[PDB]
Amino acid sequence: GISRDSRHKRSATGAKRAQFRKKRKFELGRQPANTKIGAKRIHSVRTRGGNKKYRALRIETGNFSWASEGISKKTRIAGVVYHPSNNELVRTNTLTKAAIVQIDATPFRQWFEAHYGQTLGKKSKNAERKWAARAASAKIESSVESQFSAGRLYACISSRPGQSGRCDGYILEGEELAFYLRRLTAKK
Amino acid sequence: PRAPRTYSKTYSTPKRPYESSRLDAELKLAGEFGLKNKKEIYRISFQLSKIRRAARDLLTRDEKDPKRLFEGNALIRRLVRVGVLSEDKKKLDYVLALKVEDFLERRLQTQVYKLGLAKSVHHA
Amino acid sequence: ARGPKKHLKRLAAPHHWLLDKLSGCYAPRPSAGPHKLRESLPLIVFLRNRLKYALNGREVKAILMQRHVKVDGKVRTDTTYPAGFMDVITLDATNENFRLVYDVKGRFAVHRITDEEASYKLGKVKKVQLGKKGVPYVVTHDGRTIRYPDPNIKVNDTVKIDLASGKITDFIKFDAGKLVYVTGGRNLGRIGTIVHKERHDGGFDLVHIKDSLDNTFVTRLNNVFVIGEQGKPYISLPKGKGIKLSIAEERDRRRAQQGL
Amino acid sequence: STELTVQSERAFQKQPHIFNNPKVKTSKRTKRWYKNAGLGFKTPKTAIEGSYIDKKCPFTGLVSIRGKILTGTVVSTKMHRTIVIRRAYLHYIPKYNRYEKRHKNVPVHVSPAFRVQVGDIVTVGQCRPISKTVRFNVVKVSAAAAXXXXXXXXX
RNA sequence: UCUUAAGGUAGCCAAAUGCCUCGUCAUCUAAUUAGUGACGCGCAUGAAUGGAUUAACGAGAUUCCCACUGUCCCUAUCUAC
RNA sequence: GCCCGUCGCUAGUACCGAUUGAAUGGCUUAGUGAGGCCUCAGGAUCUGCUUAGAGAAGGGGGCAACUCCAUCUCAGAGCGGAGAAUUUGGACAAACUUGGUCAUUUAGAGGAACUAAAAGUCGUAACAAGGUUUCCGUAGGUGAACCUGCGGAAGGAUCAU
RNA sequence: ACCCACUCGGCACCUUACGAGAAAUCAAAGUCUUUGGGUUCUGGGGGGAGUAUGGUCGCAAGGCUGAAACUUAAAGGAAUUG
RNA sequence: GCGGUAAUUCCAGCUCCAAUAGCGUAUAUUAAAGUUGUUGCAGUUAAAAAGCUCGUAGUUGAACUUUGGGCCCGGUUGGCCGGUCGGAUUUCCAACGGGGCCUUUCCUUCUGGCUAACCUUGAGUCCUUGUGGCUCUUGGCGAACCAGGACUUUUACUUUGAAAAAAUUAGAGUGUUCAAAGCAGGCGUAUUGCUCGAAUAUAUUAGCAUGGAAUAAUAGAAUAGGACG
RNA sequence: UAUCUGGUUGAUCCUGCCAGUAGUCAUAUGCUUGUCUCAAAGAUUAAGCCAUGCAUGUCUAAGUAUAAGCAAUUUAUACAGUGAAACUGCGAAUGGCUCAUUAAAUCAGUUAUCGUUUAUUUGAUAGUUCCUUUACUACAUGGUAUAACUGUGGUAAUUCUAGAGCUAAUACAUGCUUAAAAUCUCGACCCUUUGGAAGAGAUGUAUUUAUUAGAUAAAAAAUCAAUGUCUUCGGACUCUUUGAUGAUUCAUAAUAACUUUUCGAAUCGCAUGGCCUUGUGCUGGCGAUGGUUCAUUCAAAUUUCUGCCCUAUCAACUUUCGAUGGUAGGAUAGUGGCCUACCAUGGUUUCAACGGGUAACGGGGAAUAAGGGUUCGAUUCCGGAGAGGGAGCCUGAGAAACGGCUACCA
Ligand SMILES: [Mg+2]
Ligand SMILES: [Mg+2]
Ligand SMILES: [Mg+2]
Ligand SMILES: [Mg+2]
Ligand SMILES: [Mg+2]
Ligand SMILES: [Mg+2]
Ligand SMILES: [Mg+2]
Ligand SMILES: [Mg+2]
Ligand SMILES: [Mg+2]
Ligand SMILES: [Mg+2]
Ligand SMILES: [Mg+2]
Ligand SMILES: [Mg+2]
Ligand SMILES: [Mg+2]
Ligand SMILES: [Mg+2]
Ligand SMILES: [Mg+2]
Ligand SMILES: [Mg+2]
Ligand SMILES: [Mg+2]
Ligand SMILES: [Mg+2]
Ligand SMILES: [Mg+2]
Ligand SMILES: [Mg+2]
Ligand SMILES: [Mg+2]
Ligand SMILES: [Mg+2]
Ligand SMILES: [Mg+2]
Ligand SMILES: [Mg+2]
Ligand SMILES: [Mg+2]
Ligand SMILES: [Mg+2]
Ligand SMILES: [Mg+2]
Ligand SMILES: [Mg+2]
Ligand SMILES: [Mg+2]
Ligand SMILES: [Mg+2]
Ligand SMILES: [Mg+2]
Ligand SMILES: [Mg+2]
Ligand SMILES: [Mg+2]
Ligand SMILES: [Mg+2]
Ligand SMILES: [Mg+2]
Ligand SMILES: [Mg+2]
Ligand SMILES: [Mg+2]
Ligand SMILES: [Mg+2]
Ligand SMILES: [Mg+2]
Ligand SMILES: [Mg+2]
Ligand SMILES: [Mg+2]
Ligand SMILES: [Mg+2]
Ligand SMILES: [Mg+2]
Ligand SMILES: [Mg+2]
Ligand SMILES: [Mg+2]
Ligand SMILES: [Mg+2]
Ligand SMILES: [Mg+2]
Ligand SMILES: [Mg+2]
Ligand SMILES: [Mg+2]
Ligand SMILES: [Mg+2]
Ligand SMILES: [Mg+2]
Ligand SMILES: [Mg+2]
Ligand SMILES: [Mg+2]
Ligand SMILES: [Mg+2]
Ligand SMILES: [Mg+2]
Ligand SMILES: [Mg+2]
Ligand SMILES: [Mg+2]
Ligand SMILES: [Mg+2]
Ligand SMILES: [Mg+2]
Ligand SMILES: [Mg+2]
Ligand SMILES: [Mg+2]
Ligand SMILES: [Mg+2]
Ligand SMILES: [Mg+2]
Ligand SMILES: [Mg+2]
Ligand SMILES: [Mg+2]
Ligand SMILES: [Mg+2]
Ligand SMILES: [Mg+2]
Ligand SMILES: [Mg+2]
Ligand SMILES: [Mg+2]
Ligand SMILES: [Mg+2]
Ligand SMILES: [Mg+2]
Ligand SMILES: [Mg+2]
Ligand SMILES: [Mg+2]
Ligand SMILES: [Mg+2]
Ligand SMILES: [Mg+2]
Ligand SMILES: [Mg+2]
Ligand SMILES: [Mg+2]
Ligand SMILES: [Mg+2]
Ligand SMILES: [Mg+2]
Ligand SMILES: [Mg+2]
Ligand SMILES: [Mg+2]
Ligand SMILES: [Mg+2]
Ligand SMILES: [Mg+2]
Ligand SMILES: [Mg+2]
Ligand SMILES: [Mg+2]
Ligand SMILES: [Mg+2]
Ligand SMILES: [Mg+2]
Ligand SMILES: [Mg+2]
Ligand SMILES: [Mg+2]
Ligand SMILES: [Mg+2]
Ligand SMILES: [Mg+2]
Ligand SMILES: [Mg+2]
Ligand SMILES: [Mg+2]
Ligand SMILES: [Mg+2]
Ligand SMILES: [Mg+2]
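Residues numbered from 1 in each chain as written, not as in the entry; some residues may be left out. Chains lettered and ligands numbered in written order. Part of a larger assembly, values for the part shown. Heavy atoms only, no water. Residues with missing side-chain atoms left out of burial classes, pairs and counts.

Method of determination for the deposited model, per the PDB record: X-ray crystallography, at 3.2500 Å resolution.

Below you can see the structure in the form of structure tokens.
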């Protein structure tokens, strides 16, 4: 089917190239997953030499980590909001790598308020010790905190769902988050 | 798909087709040693020419050159071994000399006659 | 061309087997094993073309299927098995022990060794990497992997091996002035000590060599196999001790030992 | 080539896996990664002091230089972050026993750590396929400008 | 060889100019008194009585093709008056 | 003596040419588009996991109370799986119809070359100051070679007042 | 202005011929089988033919570029004697 | 070029020639061909200098920059002896090459690792009246190359070398009975094995690697924005 | 192994070609043909067309035997010899043939993978699998559904197969398990210190993400935040651990998670032994097949530098509908305009681009012997390509396969 050779397609001089040999299986390519949101559904591709690839088509949850916080939580993927390659992916909420999605927050709230005893936005014994040892360390960040009030967090898919079957990302933070904040609203 | 069973031919054929001198001399050679062809002469003169050639190529090298020494000697001890090259003249400038008769004299054809035993190259 | 090549045309076969041009159209294609196709010796060529212990290949399979041959310790029942350099061929019957080791013309020569020296071998380490679970490992030219070796062992050193068990019992570092056996090139089969290594970052280090006749020659690092100290090797070398004689030298040697 | 903006793409331009924790107050904002290509090619200060991204940089990018190392003279600097160099050489024709001037134009990626101009002689390292045609990366500028300021005005 | 003031040159042709004539040869067709290309002892072509050639233009005369269709095979039905 | 051209005969070769001529091959627009593959669905049938009913089983250990595991059997209820025909949308895309392009070929009435060619018919152009010196370029003219005007060259018939 | 000597750069002639050529002849047409200073252009038997075809230039006449099938044992040069 | 009535070319008989288990023919190609000419052609009159001058690509391009002298080291042929039980090495000797030195003389460069080599000497001596000779550690060689830092004008040419399939070619050995071949084979106790082989060469252009520094290019310091510290 | 001869004239020297001459791993044809050895052979034209037969199958003590098979004999009443059929496994992706396409393609010599896949071979490599964690979960081993077979049938016709009834596994689908220790988060309590704690959970491998370690270019200091070990209670910290490459974000490891959860043996053959608390207890010999990851081997796929015949009566070419580059993604085993989205205007060319021709597969090589050359290579080895022409794809480690399927064309 698809062929990733270079035997079609003109030479840098612009010459036109002959049809030497027929299509080979090792130059193959396949169609995009064009993976979507909601209700897990995954098909396994049989690749070169045994070997499985997991094509994800529809996904409702992924595993998103909060890097500056050291932890990784599984949440719901609420929707696609930004995509640098193509806007039909944002409009179709199509999950690919580098897609900017909005997750769920509530597992990151449940972790933070139970780890810092501080609550976002707006009695046990050892627990009070830990909650005192932590601080000068609980300042969060204006942009990650105001996201929490909305119950949804900007994150950036970093896995390849049509490849791995996983939709795994990382929470937008600091410099990146500023950039895509500008982009988000400076088109909103 | 098998190894090529290699071959080559063993004679060459005179450039000038009709040279009375060369036909006279050749004929005398057939009637002297009892040969049936001019090919029997051509073949031997072919051997002589490949020898003379190697002899010239060796002679152009430097004296005491490793190849000239190794191959030149082997050729000389080879020609002595059969009886074409005399013991006195045993240093490849006589192999550059030489001639066809020296080769012809060494055939079992000519030897069986030479020490009697036949008393006619043809009876030989 | 669609998959692995299972045949071998006699002519494409490596020349250091000394197979006759005619008398067939194929040669034994060395099975996959410890040694590279082009630098191996298949058990059929050894049991029959070197050792004359058979006439047919059919008899080489008869010999082998009775576990007579055992290679480097284990039995080995593969007709075309890729035996190679430093390997120990061992016939229990006949009480014979061979080590595969190069000529000086660059071939594998029939070398008979003691019943006792035939229980260890040399192996040039080709890589030493920190394996899984932090267990370092060292792997030698003949495809042996050996966990937990000495820290000081690095690539290009050589290694004495148990054969009985796998363990490494000794190792000789790659230092200027150590007995060297050439494993490839036109200086294949020679032996001689090392002068010094040319570096060349990015590819192909040159190994200057001198043998025990004050004759020098260079080869690529890839082709150098350390086997001990000047004089003192570590295994029994073959006659001629890898010195290489000119065509003249060899002509006089063979045509001096002539008095019937 | 590049210059200005840095962050001038639809995607955020970042070095992969080089985290700068916002909790940790830093007086350098962004944490930068670099290396040296080897073969003694100094990773110039413009690559370490720089702020650009270029994942095809041999010093600040994700490409390894290995294989050939060649030199040519820069004849085109119109593609963004890549150039084309000419490689002349004489070809030997036996029958006539003389030579004839030939040439080939190699396309080569050029990191914004180098300010390259047409005419400069450049030293170029082989590396994995970067583009449809680019198989090389500029690793050293053996020239300067060719006495450009020495063509200035009158007294 | 008679004869004239001179005896048709360059061109062009069965031409809107050729009797014979539906000229002969080729081409287009299943088949062509049609069309075109040739030929020319041209009843009786021919040089401002202008000869020949011409892009463009034509409700001009003619031939063929594509498309098109009730022109036809072969007729039928409907609206208004 | 040699020799030029028209004109005439036989044979060959190639050229021009109405036929908007023909044929093979390689690309290729537009239109139509099989098939497998991927994907939205489909659900012939055929099971699962869970939940409850009724009839028997085996005991976790007691005098009545009390109680686990696996297995088979029929009203009845939730949440998923396999999966045929069928089928939505795609990339891949043979192939058909109609055109165009490039390459290689090729029929043709007729026209007009050249050759075999030396012979023929009409002249005498060249070779002798060839009987008008010859030749070049150009231009016109004439059965034919050729003649004439203008400018050259000597390879002239003059190396010379 | 003229005469004599010289030296540059000219247009030429004279005699030579060490040397060159097939020769006529040539101070280059010489220093070439004892074969190499640098560089541009053209030719490869005679006809067919500067024809056919394409491209290009021109108002035109024509210019530049420019084949092949076929045919043919000579065509040709310089000199000698008639 | 022969054949038109005595045909040395036809048709035959005779004889004769050449090659010979082979010989003729056709088509192609190679040699002859210095008629493709790099080596190596020709162009006044035989084929062939563009009517002329400009001129870009291309090819080509004057001379000059460490030359000269002095000292040491060790090789490989050749002579005159041979000492010797065909080859041997020292001195006497030339010849021809290689390496390092000092002459104003970068060898990239710091910072140690290492040292082989003498300016050393610490003793004296085997032994020819002594600089003939090396063991031998305590003041005094850099480069021989490790490895780390810091940098470097670019090429062409040549040398050597690595990396280098087999068969092919060249070629050594071996008596396939000869030969084309093949890679065998050859020795005895031929009743219980012994053994030589299966070479060497070419392998270029490009890439790699080392030596050379003539010949050719290239870069440098003039609005000093030069060099060393 | 450096050679020439015939033909222009009356004669001459030239130029010049024609003709002679010699060889061809160079074909054809003609006449003639006895012996030994060696032995090429439908390439050329038509990669035109094909009758019939054959050319790919395969079993070890060691996956599956209730053949209603054969043998019986020698112990075998679950099985046990031998063994059709069938399942299962592997192989059919090698070999052989042709030279049509192909002109920067292939090929070659030389590189590259710090850019990937790899059955097999060879060497390594696995105590962790259950679960609110005393009235337990088949481990002395959990589930069916099928072939062959029996039997009923269909069609003119094929290696067509339908309905019915059985039964296996190393086929299909499930699913238990094993030591010690340490390190992490939780933390019931108690008590104010500088602070400590019973006991609860988590930690195989693989997968996806994010994060950290992976030092070293010669030496020293202060402070903020957390927080390690040793008190001779103001304090100190002393020994302090480091793999590879020219070069990495490398090998490897640590934290937080993730997963329609990858592997972690429900298999086979030979022997049958030790050891008592006599349970047929608990142990145990040799090797087969498998199994995850790593290496190795056989490979593969791309890939750097340089080299191709004729042609200007081909000078401009390349971006319709990727042409040259940037970014991001998708796709791939993986790099890459391989593809898509956005963005730019680039790329090649008289040092001949682009186009056309080739009666063009490329190389090792062949013929011709002064040398320099010229010509040739369909064809015994290597590489490539194809299987009437195209495309598509299943299986698989490996094919875009054709002695595989699918569709179109012929
Ligand atoms: Mg993906
Ligand atoms: Mg095999
Ligand atoms: Mg076997
Ligand atoms: Mg870039
Ligand atoms: Mg650009
Ligand atoms: Mg680039
Ligand atoms: Mg008139
Ligand atoms: Mg007129
Ligand atoms: Mg008229
Ligand atoms: Mg008329
Ligand atoms: Mg009419
Ligand atoms: Mg009319
Ligand atoms: Mg017709
Ligand atoms: Mg009509
Ligand atoms: Mg008509
Ligand atoms: Mg008409
Ligand atoms: Mg009439
Ligand atoms: Mg008039
Ligand atoms: Mg009129
Ligand atoms: Mg007009
Ligand atoms: Mg009109
Ligand atoms: Mg009309
Ligand atoms: Mg009406
Ligand atoms: Mg005719
Ligand atoms: Mg028509
Ligand atoms: Mg036709
Ligand atoms: Mg379709
Ligand atoms: Mg799709
Ligand atoms: Mg025609
Ligand atoms: Mg025609
Ligand atoms: Mg006619
Ligand atoms: Mg003509
Ligand atoms: Mg004539
Ligand atoms: Mg006249
Ligand atoms: Mg006259
Ligand atoms: Mg006169
Ligand atoms: Mg006249
Ligand atoms: Mg003339
Ligand atoms: Mg002279
Ligand atoms: Mg004279
Ligand atoms: Mg000619
Ligand atoms: Mg024209
Ligand atoms: Mg005008
Ligand atoms: Mg014209
Ligand atoms: Mg012309
Ligand atoms: Mg013309
Ligand atoms: Mg007669
Ligand atoms: Mg005759
Ligand atoms: Mg006769
Ligand atoms: Mg002959
Ligand atoms: Mg010659
Ligand atoms: Mg010629
Ligand atoms: Mg030369
Ligand atoms: Mg010569
Ligand atoms: Mg000539
Ligand atoms: Mg002339
Ligand atoms: Mg002139
Ligand atoms: Mg011009
Ligand atoms: Mg000069
Ligand atoms: Mg000097
Ligand atoms: Mg010297
Ligand atoms: Mg060399
Ligand atoms: Mg002649
Ligand atoms: Mg004649
Ligand atoms: Mg004449
Ligand atoms: Mg005559
Ligand atoms: Mg006369
Ligand atoms: Mg002749
Ligand atoms: Mg001839
Ligand atoms: Mg014989
Ligand atoms: Mg036939
Ligand atoms: Mg054929
Ligand atoms: Mg054939
Ligand atoms: Mg035909
Ligand atoms: Mg049975
Ligand atoms: Mg099977
Ligand atoms: Mg094959
Ligand atoms: Mg079932
Ligand atoms: Mg380290
Ligand atoms: Mg027992
Ligand atoms: Mg296994
Ligand atoms: Mg891109
Ligand atoms: Mg990719
Ligand atoms: Mg553009
Ligand atoms: Mg442009
Ligand atoms: Mg050209
Ligand atoms: Mg072809
Ligand atoms: Mg060819
Ligand atoms: Mg070939
Ligand atoms: Mg062919
Ligand atoms: Mg390859
Ligand atoms: Mg066929
Ligand atoms: Mg196929
Ligand atoms: Mg096949
Ligand atoms: Mg077709």
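Asks: Any chance you could explain the pattern of salt bridges here in plain terms?
Replies: If charged atoms from side chains of opposite charge come close, those side chains can pair. Summed over all chains, the structure comprises 35 salt bridges over all chains. Across the salt bridge formed by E101 of chain B and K99 of chain B, the nearest N and O atoms sit 3.9 Å from each other. In this structure, the salt-bridge partner of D142 of chain C is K121 of chain C, at a minimum N-O distance of 3.5 Å. Residue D142 of chain C is located in the loop between strand 10 (136-140) and strand 11 (145-147), and its partner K121 of chain C is located in strand 8 (residues 121-122); the two are separated by 21 residues in the primary sequence. A residue is classified by how much of its surface remains accessible, and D142 of chain C, at 5% relative accessible area, is buried. For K121 of chain C, a relative accessible area of 0% gives the class buried. (Salt bridge = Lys/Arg side-chain N within 4 Å of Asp/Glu carboxyl O. Helix = DSSP H or I, 4+ residues; strand = E, 2+ residues; numbered from the N terminus. Buried < 20%, exposed > 50% of the residue type's maximum accessible area, 1.4 Å probe, protein only.)

Asks: Sorry if this is basic, but what is going on with the protein's contact with RNA strand I here?
Replies: Near RNA strand I there are 168 residues, and of these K9 and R166 of chain A, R2 of chain B, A32 of chain C together with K132 of chain D occur at the shortest range. In RNA strand I, atoms within 4 Å of the protein come 76% from sugar and phosphate. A33 of chain A places a polar main-chain atom, nitrogen or oxygen, 2.9 Å from a phosphate oxygen of RNA strand I. Contact between RNA strand I and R48 of chain A: a phosphate oxygen at 2.9 Å from a side-chain N or O atom of the residue. The element best represented in the surface near RNA strand I is strand 1 (residues 65-79) of chain D, accounting for 8 residues. By residue class, the composition of the surface near RNA strand I is 45 nonpolar, 57 polar and 66 charged. (Near = heavy atom within 4 Å. Polar contact = N/O pair within 3.5 Å; in protein donor to acceptor, adjacent residues only side chain to side chain. Nonpolar A, V, L, I, M, F, W, Y, C, P; charged D, E, K, R; others polar.)

Asks: What is the right way to look at the sheet that holds strand 10 of chain C in this model?
Replies: The strands that make up a sheet are held in pairs by hydrogen bonds between backbone atoms, and each pair lies either parallel or antiparallel. Residue and element names in this part refer to chain C. Judged by pairing direction, the sheet is antiparallel, and its 3 strands sit side by side in the order 9-10-11 without closing on themselves. The sheet terminates laterally at strand 9 (125-130) and strand 11, the two strands that pair on one side only. For this sheet, the mean angle separating the axes of adjacent strands, direction not counted, is 20°. Of the strand pairs in this sheet, strand 9 and strand 10 are connected by 5 bridges, and their pairing is antiparallel. In the strand pairing of strand 10, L130 is matched with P136. (Pairing = 2+ DSSP bridges. Axes fitted to C-alpha atoms, helices over the stretch in contact; angles between N-to-C directions.)

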